[PDB]
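Here the structure comes first, spelled out in structure tokens, and everything after it is commentary.
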């Protein structure tokens with residue numbers, strides 16, 4: 003069972019990677035109010051720019 | 001959209017800052058080998074081959090058979106070049 | 002007698018033989034099989 | 001891929017077939033076409049043999065010359081046959097076989 | 001004023017290539033690099049114009065000129081290597097035998 | 002954009018910790034294979050050994066030899082370290098968890114790979130030592146040689162996906178992971194990653210005993226540390242690409258509700274950890290090639306196979322109209 | 012689908028034959044079993060055969076080269092002008108190859124890649140002739156140029172050959188960059204690279220007060236590149252050094268074929284596009300400079316190869332006078348001048364390659380050649396008098412035009428320059444006849460007799476040179492056809 | 001402003017390519033000029049060309065230049081010359097080229113002067129083009145291999161010539 | 058020699074079959090007990106004949 | 001913009017003007033008959049006259065201020 007000692011630095015690396023993903027995911031969501039959308043194209047950009055007017059001017 | 005490149009720039013600046021902090025904190029307390062030219066040439070040729078493959082791979086669904094066969098002819102010419110290089114011992118480093 | 006010359010060529014140089022086979026299937030399919038499928042679709 | 005066989009200069013002879021298929025042009029090969037094919041191939045084999053004697057590779061040189069001649073002669077024969085079927089070259093025999101079948 | 005600014009960027013690179021030819025009469029390697037700077041400036045011209053005109057022909061040609069530039073550099077440096085290997089030096093005084 | 006630095010730091014700092022602990026895990030797994038214990042005195046189970054080595058390294062006096070290339074000598078490790086860090090901006094850890102959703106992210110990764118050679122070349126030249134220069138030239142040649150195969154394998158994957166977006170590449174593996182039909186491509190990709198990171202059995206810079214002085218022989222203190230950290234960060238990245246391209250990234254092994262209970266970042270981490278174990282397992286298993294042997298392998302074995310696989314995959318997909 | 016490619020049958024054949032020869036050469040030159048045989052002559056004979064089969068395919072398929080012209084329109088344009096230009100280019104290449112076998116065997120130049128590069132550059136010039144877009148024009152020009160850079164440095168241990176290749180690469184890449192900058196200006200100003208689109212955009216306006224400076228400078232830079240290619244003064248100084256330093260068969264090839272192909276490009280670009288006066292004044296002033304400088308510099312030379320280089324510079328000046336006038340007779344005379352200069356140069360380089368077996372270098376080496384080989388001294392004297400334009404030799408034809416255009420376009424300073432430079436040329440050409448016939452040197456050089464290929468080529472070209480003015484109808488008719496087919 | 005920063009960086013880096021004493025430094029400053037060009041291309045929205053300039057110019061061409069220059073060990077004496085005497089000729093040539101070419105577009109492409117009025121409100125958006133937009137990569141790949149495939153193949157012939165000529169000129173087999 | 062023996066030789070080359078065996082035996086010692094002595098709490102064995110400090 | 005291929009995958013901004021000018025020039029034996037269409041195409045390419053007019057407006061605003 004001594005070989006579990008080796009599994010600790012590997013588990014720490016895996017946790018480091020999980021932090022690198024999740025921490026940046028939750029900060030973007032807090033700043034924008036919704037999760038980051040994969041594949042933001044020209045249409046989505048134009049929809050956001052139009053939605054700004056349709057919301058604020060309402 | 002090019003909006004997604006701005007985080008890469010800010011990332012570069014931060015990486016630079018980290019590099020300088022790590023590197024700076026300690027400051028506080055005549056023989057030409059032609060085989061390298063030849064490997065450079067080979068790499069350049071196949072670099073251009075990967076470059077011409079990128080648009081082809083994303084466009085295969087529109088160009089269909091004509092595009093496939095024109096790329097095959099391109100590869101055939103460059104592979105004849107590769108066979109020439111092989112037979113001439115440009116791929117041998119002993 | 003070009004039948005063991007191919008055998009020796011496979012024995013000496015298996016990577017070249019495998020590359021030729023893999024790429025040859027890649028070329029053979031669109032050249033031969035694909036017009037067969039297109040014709041079978043026409044009828 | 002959009003295509004268009006239309007030539008700049010119009011065919012001056014009866015157009016038997018505008019865009020004849022590959023196998024149709026090959027099957028249209030005449031006696032003169034085979035004579036051109038054979039002459040080109042034989043000359044090419046001969047040049048390969050004669051130029052191969054000094055380096056000592058007359059046989060391999062013969063095969064190389066024969067391949068060059070085979071490709072060139074087939075291309076020439078195809079050129080003539082397809083031009084006849086398309087009306088670009090005098091095509092008496094093509095028209096005689098067309099008006100009957 | 002966007003188009004003029006991109007254009008002058010490329011133009012300054014082209015002029016820098018010309019000056020690099022003018023300023024390196026003892027340094028033939030820098031002359032080859034000046035020619036590569038001119039070629040880069042031309043490629044930029046084609047890409048900028050392609051954008052400005054909404055036309056794709058400038059991008060097709062930019063890619064092909066890339067292939068040509070790579071081939072030119074490979075051959076150019078091969079000739080430089082054989083020139084140096086024959087003479088033992090790159091000094092311009094050893095490549096001036098042909099004249100008149 | 003004001004919170005962008007928080008995201009960048011939440012990527013960079015844990016990456017530097019993960020690298021510190023990758024060095025430890027490499028020393029532990031190699032030790033256990035060799036019936037030894039490995040670092041277990043400095044901290045409980047040796048878990049403070051990375052901190053101790055880093056602090057030792059920053060407390061070491063810099064040397065800075067009397068060379069005419071003072072600036073380039075210090076800049077080369079910065080260059081390689083920066084290049085190793087900046088590739089992670091486009092790496093997706095889970096659906097939506099990525100800093101930059103580049104539509105050209107595949108070509109961007111290839112470009113960073115291509116830039117990686119300059120740190121080694123410049124370190125070798127600026128050192129004013131013919132041993133360092135020769136070792137550097139050989140390492141640079143090996144890297145560019147295996148970049149050709151890496152790029153042609155990238156083309157195979159791109160043909161299957163039809164998009165350079167890394168998240169799209171992952172999500173195209175929902176039906177099946179690409180490492181199942183393209184298992185030989187995965188094998189050749191893992192080997193080409195070993196040769197690109199200068200790792201065993203291709204680690205020429207490690208072969209000092211073999212009369213081969215590495216490009217970083219003259220470096221000390223933190224410049225030497227930056228070279229080492231860039232190399233190890235590249236190994237985690239190459240394990241992440243093996244995961245993204247062929248093991249379906251953050252996706253679960255089976256599309257079942259029991260497997261979808263654990264999040265995608267855990268799946269991605271576990272696959273990355275499998276590949277990092279294999280990098281160490283190979284170091285522990287085999288001897289190393291000579292330079293000429295691995296160069297022959299690069300040009301005569303992996304270029305032809307990679308090219309043949311591009312042709313075969315594109316032809317098969319075009320024939321049966323299975324293209325994306 | 013397959014029948015569309017009937018328009019590219021000659022090119023397909025020559026490219027595939029070049030690949031076959033490359034493979035054959037590299038496979039059997041490395042063979043230990045055949046003791047690494049020199050394959051330069053073997054591949055040379057096979058490549059000469061390939062060129063002749065390409066010529067057969069092209070000439071016997073005249074209407075088929077225009078098939079699918081709309082599908083092929085955005086790639087190239089084949090017509091009667093291109094048909095005849097390509098036939099002449101293939102003939103030049105075949106003659107030049109036939110003149111190389113003695114050089115391969117006796118100097119033991121064993122590299123078969125020489126033949127492969129010559130064939131690839133022939134492909135490039137074939138594509139140059141049919142080019143109908145700035146992009147295609149540049150690509151074909153670059154392919155041809157890269158092949159020449161490599162063959163100019165073929166004697167890779169010789170100081171002269173390495174020096175020639177280095178100057179060629181630098182000056183050639185510089186000129187190509189200038190020309191590419193001109194293409195970018197034209198594209199930016201007109202949004203068009205196709206020759207038809209450029210024709211429509213630019214006709215009817217020329218300099219109409221509000222002239223596009225972008226178009227004008229694109230034209231100027233493209234013109235500078237073309238003038239470098241044809242070795243017109245002041246873009247000429249690469250030519251004498253490269254001509255001397257290159258291996259003599261390379262010098263023979265570079266003297267003929269590239270000029271045919273670049274003049275085809277110049278016609279189809281300028282005569283066909285429409286900026287007008289400035290473009291022709293460019294060529295007028297460069298023609299004058301070329302005639303004067305070529306005559307003086309040739310008069311100063313003591314080596315045969317340099318004399319021939321400067322003579323070619325002078326003659327391109329004479330030819331470009333025809334392009335300057337901008338009429339049907341101007342184009343016809345340009346084509347006639349190109350054809351006659353090419354045949355004469357082929358004669359001269361056949362003789363030079365024959366004398367290179369005993370290492371001819373100086374004009375004085377030809378002393379007492381009328382005793383040691385009287386019929387060779389007569390053949391060479393005929394070539395020199397033809398170069399000088401003495402009637403009734405073929406060289407008079409081109410000289411006759413120079414004065415015909417000078418008195419047609421109303422230019423008497425051009426006429427005076429022509430009279431003075433013709434006299435100077437006559438002097439330095441008859442100096443060789445004096446050396447071979449009138450001198451009595453103390454030490455003689457005995458020359459080895461030439462091989463059959465060069466004797467047959469020399470006999471034919473010499474009969475043409477002496478007897479063309481007796482039956483000149485076919486060339487006149489065909490060049491008139493080409494001049495007309497430029498527009499219709 | 002940003003274009004001014006990139007232009008200034010490229011101008012200094014280019015001067016350093018043409019004026020550095022050491023050719024290794026010259027090749028390194030050339031890499032900086034190519035990086036700056038990549039930035040300009042990113043501004044124009046051409047991300048494929050921006051990446052390819054990195055991959056080909058820096059990743060492959062500059063590497064070849066660096067390998068050759070480094071192994072040549074050029075001595076500063078063989079290539080040194082004082083350049084003060086060329087200031088007048090550089091001045092005249094550069095000034096002619098400046099006055100004539102930095103202002104070649106001005107008559108044809110007249111700049112729109114920025115006014116103290118919001119002209120952004122007159123940008124007309126057409127949503128039909130935005131339903132399925134094309135990247136630079138697939139827009140180029142739609143043309144390279146079908147409508148303009150002959151030029152593609154001629155470029156392959158150019159590359160073949162480079163490979164042949166490199167072998168023939170420099171190979172000395174052991 | 059034979060298409061079947063040629064085939065097996067080629068497959069063994071391409072699929073690194075002998076490199077798998079070296080990996081497998083390397084992993085077997087990963088899980089086994091270690092031989093390291095926890096000095097200075099634990100010591101190595103010595104004999105009554107040991108020649109140490111005079 | 002005479003080829004038709006736009007940089008975003010649609011018909012080029014100035015292709016229709018080019019085609020109008022070309023179709024006019026294909027049958028009008030005098031180039032002056034198609035001058036208006038030609039300057040329409042070139043105006044599309046460079047927006048010279050539009051920007052000149054807007055600069056006139058801006059200049060008048062600066063003058064009246």
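Chains as they are written, first to last, in the deposited numbering: chain a, 3 to 60; chain A, 1 to 29, 55 to 119; chain b, 2 to 44; chain f, 1 to 101; chain K, 1 to 100; chain H, 2 to 325; chain N, 12 to 499; chain J, 1 to 174; chain I, 58 to 111; chain e, 1 to 65.
Cβ coordinates follow ideal geometry from the N, Cα and C atoms, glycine included.
Mind listing the chain J neighbours of residue i? Cutoff is C-beta to C-beta under 9 Å, in chain order.
i: residue 59 of chain K; result: 46, 48, 49, 136, 139, 140, 143
Give me whichever residues DSSP pairs with residue i in a beta bridge.
i: residue 5 of chain e; result: e/11
i: residue 98 of chain H; result: H/95
i: residue 373 of chain N; result: N/314
i: residue 205 of chain N; result: N/144
Specify, as a first and last residue, the run of the alpha helix (DSSP H) that residue i falls within.
i: residue 151 of chain N; result: 145–163
i: residue 28 of chain f; result: Here residue 28 of chain f belongs to no alpha helix (DSSP H), and DSSP marks it neither H nor E.
i: residue 353 of chain N; result: 339–366
i: residue 154 of chain J; result: 149–170
i: residue 97 of chain N; result: 91–109
i: residue 407 of chain N; result: 405–417
i: residue 549 of chain N; result: What is shown of chain N runs 12 to 499, which leaves residue 549 of chain N out entirely.
i: residue 22 of chain a; result: 6–34
Buried or exposed, going by whether 16 or more other CB atoms sit within 10 Å of the CB of residue i?
i: residue 434 of chain N; result: exposed
i: residue 109 of chain A; result: buried
i: residue 79 of chain f; result: buried
i: residue 36 of chain J; result: buried
i: residue 77 of chain I; result: exposed
i: residue 38 of chain f; result: exposed
i: residue 460 of chain N; result: exposed
Give the residues of chain a in contact with residue i, contact being defined as C-beta atoms less than 9 Å apart.
i: residue 98 of chain I; result: Correct list: empty, because the minimum Cβ distance to chain a is about 16 Å.
Going along chain N in order, which residues have a C-beta closer than 9 Å to the C-beta of residue i?
i: residue 47 of chain f; result: 56, 57, 59, 60
Between residue i and the ligand NAP, is there a pair consisting of the residue's CB and a ligand heavy atom that are separated by less than 7 Å?
i: residue 36 of chain J; result: Ligands are entirely absent from the displayed structure, and the ligand NAP is therefore not among its contents.
List, in order along the chain, the chain A residues whose C-beta lies closer than 8 Å to that of residue i?
i: residue 37 of chain N; result: 108, 109, 112, 113
Could you work out which residues of chain H lie near residue i, taking near to mean beta carbons separated by less than 8 Å?
i: residue 73 of chain A; result: None at all; the shortest Cβ gap to chain H is about 11 Å.
Quick one: list the residues of chain J neighbouring residue i, beta-carbon separation under 7 Å, in chain order.
i: residue 400 of chain N; result: Simply none; closest approach about 39 Å.
Just to make sure I have the definition right: I need the residues of chain K whose C-beta is within less than 7 Å of the C-beta of residue i. Which are they?
i: residue 81 of chain J; result: 25, 26
Anything in chain e within Cβ reach of residue i, meaning under 8 Å, just list it in chain order.
i: residue 40 of chain J; result: Correct list: empty, because the minimum Cβ distance to chain e is about 16 Å.
Sequence ranges, alpha helix (DSSP H) only - wholly within the segment 51–115 of chain H, length at least 4: If we require 4 residues or more, the alpha helix (DSSP H) runs fully inside the segment 51–115 of chain H come out as 71–87.
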